[PDB]
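The form deposited in one PDB entry is given below as one chain in structure tokens.
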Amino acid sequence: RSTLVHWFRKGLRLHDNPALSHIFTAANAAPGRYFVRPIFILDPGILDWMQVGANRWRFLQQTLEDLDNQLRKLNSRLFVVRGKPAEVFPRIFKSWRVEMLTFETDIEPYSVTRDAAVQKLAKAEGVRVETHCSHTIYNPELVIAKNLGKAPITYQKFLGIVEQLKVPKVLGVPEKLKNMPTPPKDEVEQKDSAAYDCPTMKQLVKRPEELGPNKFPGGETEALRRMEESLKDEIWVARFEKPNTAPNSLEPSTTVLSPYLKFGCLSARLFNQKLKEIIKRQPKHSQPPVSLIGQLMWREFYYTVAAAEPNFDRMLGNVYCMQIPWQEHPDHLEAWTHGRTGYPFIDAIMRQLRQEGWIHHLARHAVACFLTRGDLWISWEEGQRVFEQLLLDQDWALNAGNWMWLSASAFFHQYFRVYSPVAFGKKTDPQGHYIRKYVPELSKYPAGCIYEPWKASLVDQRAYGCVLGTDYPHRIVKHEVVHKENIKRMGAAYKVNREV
């Protein structure tokens, strides 16, 4: 008796999962011949390649527990294997007598390298490998091909390409396993009956004092619930216009399905299909790029450009990216990282990010502009690394692609438009409720200067219980000075890149 193995990496869901579906149907169409090991590998190597904060560790822990729970309802379970794939797969290929291995493809360079070696091993031991592109709606390879070998570098050209492509069939959950015995314990399982159990919170989250509020629980189950909750107001959905959603409402102004889409707890193909059903129903609706389907197409767009550039997450060696002489300033980077810039709107956002792991798109705009071309003139690579640690939805292609946009390094070139750290939040939160919540030490400043506490006299600062420089920091830079200097630095950068 040989084993069929589905390998979870992303695609942490039962629904719309062709690679996992196939394994299951094969076991049921040939009962008695197969064991089934759905596995997730706790790869220590990924830590040398990306930062993971406490909040995202908890989201992953919750996700694996849910996935194990969902698999048990199918007379299976999740087998979480600790170790490096390059060392894990040669062992289990033999100890399990693996016939077929399926997984969902991923375009990240670490994923490509790792998968190539696993496919070299699988070819050596005579193991059949079947891969499926189900993490995105469109296959970046096919988009690039249809555009004659280059990724479209504008959103509109990208849309024109994928409109001519076939939308995939969205699958349901696999059928329950018919008369399947629990596989026999292997070398590892026998010395430890729990060697493959889902990891507890205590095993994955080493810095539990950095956990914030538990607001967006991991798991396919929670992802499906949150999608359904979001789709209930078909009018909000159909008339959604991303630029008009607020960055600083106390409740999120968008869906917050991003962590679920990042891990594959929600199939983007399923989400796309549910959106298209509502739009069909609702003749007055928005269109890309501002619509909700337009937001899914932003995700596809960045995945497509990223798939063609292994150096997508850095400035050097990146075919898309303007070469800009970003400066080093550790103290400023530390202030921005910990929301101690002295600009309450910026600080409020960075503290929400650290505590909760999610901030609104335009809140990302505000803090990214401030760090890079706007104010601090610090490389977008540094902001990307901080976002990578703190975000639940940390996504190699999205995190990089949007930082390049926000810094005027690629895709976006109107660097003369600069967000004010004082004025931008006022449009949607003139009372400063957001600042009061995440910068509580300012909670007694009136609206007239909560965005600019340095315009309150010392007497008033003592009256509000928050003296600048003691209880809340002074501005680390003067926006009105540096943003004009940085515009000229950008123009000089753009001239140098144009001549080369």
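The term rigid core refers to the most C-alpha atoms you can superpose between the two forms while keeping them within 1.5 Å. Shifts are known only where both forms have a C-alpha. The numbering used is simple: start at 1 and walk along the sequence shown.
- For the pair 361-369 and 171-179, the mean B factor over Cα atoms is greater in 171-179.
- The PDB entry records a higher mean C-alpha B factor for 123-131 than for its counterpart among 403-411 and 123-131.
- The PDB entry assigns its highest CA temperature factor, among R299, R340, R91, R354, to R91.
- Remark: of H332, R239, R97, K215, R97 shows the highest value [criterion: C-alpha B-factor in the PDB entry].
- In this PDB entry, the Cα temperature factor of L275 sits in the bottom third of its chain's modelled residues, the lowest group.
- Split the chain's modelled residues into thirds by C-alpha temperature factor. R436 is in the middle one.
- Per the PDB record, residue ranking by Cα B-factor puts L20 in the highest third of the chain.
- The PDB entry assigns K202 a C-alpha temperature factor belonging to the highest third of its chain's modelled residues.
- For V386, the recorded CA B-factor ranks within the lowest third of the chain. Only modelled residues enter the ranking.
Although it is not shown, the form deposited in another entry is what the next lines describe.
- Comparing the two forms between this form and the one not shown on the rigid core, the single residue of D43, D460, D68, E452 with a CA shift of 2 Å or greater is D43.
- Relative to the shown form, the Cα atoms of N311 and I46 move apart by 3 Å or more in the other form.
- Relative to this conformation, an increase of 3 Å or more in the Cα-Cα distance between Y302 and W49 is found in the other form.
- Listed alone, the shifted run between this form and the one not shown is 43-50, counting only residues present in both forms whose C-alphas move 2 Å or more over at least three consecutive positions once the core is aligned.
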